[PDB]
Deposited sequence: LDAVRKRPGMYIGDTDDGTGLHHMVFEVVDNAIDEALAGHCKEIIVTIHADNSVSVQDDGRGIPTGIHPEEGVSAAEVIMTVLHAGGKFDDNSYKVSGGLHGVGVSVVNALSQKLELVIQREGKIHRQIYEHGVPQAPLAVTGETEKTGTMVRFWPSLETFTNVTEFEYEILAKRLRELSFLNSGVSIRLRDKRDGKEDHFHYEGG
């Protein structure tokens, strides 16, 4: 990920005017939609947390967790740490990123800071559900001037996205003020 770290703007867009900041969310959402589309229930939830982190979760299959034969780490870690621009760009430019994967009856958890995993992906428990959750805190060493998420920017885009992605339920929650929206277009 050092190539992204060296020139963040070339990968995410403008890091000073808020456009790159919001691009972080939309990159994660694109992955979540892809996950949601492969399942039959298809729901994603985007939450703006009070600490100005954002989490995106889907109830899909859960991204793969098995050890990659060549890389020697979990598939999820490979996706997060090897160079849409890819979620690895978001990970690189996040001061913290939490990953939770529910798959095959197991809960997998991992934490990253500035793209660096704090430990290997670990099975911490059991679950009856499936899905992936990523919560990230944009790096304040990279994102300057505009550092807080604008609800309207997210809601507008998620609304547009719902019409292209039929059957996918999209929820947006702002924990700073309690605002909620639900974008679900059932065409097709």
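If you line the structure up with the deposited chain, just one stretch is without a C-alpha atom: 84-101.
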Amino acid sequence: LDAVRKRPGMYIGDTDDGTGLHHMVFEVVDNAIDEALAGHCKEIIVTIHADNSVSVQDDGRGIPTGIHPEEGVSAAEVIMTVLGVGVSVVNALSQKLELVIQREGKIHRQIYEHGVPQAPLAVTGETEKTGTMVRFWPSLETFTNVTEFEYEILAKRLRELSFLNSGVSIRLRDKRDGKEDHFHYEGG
From here on, numbers count along this sequence of modelled residues.
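Just so we're on the same page, rigid core means the largest C-alpha set that superposes within 1.5 Å between forms.
Here the rigid core sets the fit, and in 9 other deposited structures of this protein the C-alphas of 84-92 stray farther than those of the other stretch, out of 110-118 and 84-92. The higher RMS C-alpha distance to the shown form in 9 other deposited structures of this protein, out of 66-74 and 35-43, belongs to 35-43, with every structure fitted on the core. The stretch 40-48 shows the higher mean C-alpha B-factor when 40-48 is compared against 25-33 in the entry. Legend: mean Cα B-factor per stretch from the PDB entry, 148-156 versus 130-138; the higher mean is in 148-156. Sort the chain's modelled residues by C-alpha temperature factor and residue 69 lands in the highest third, per the entry.
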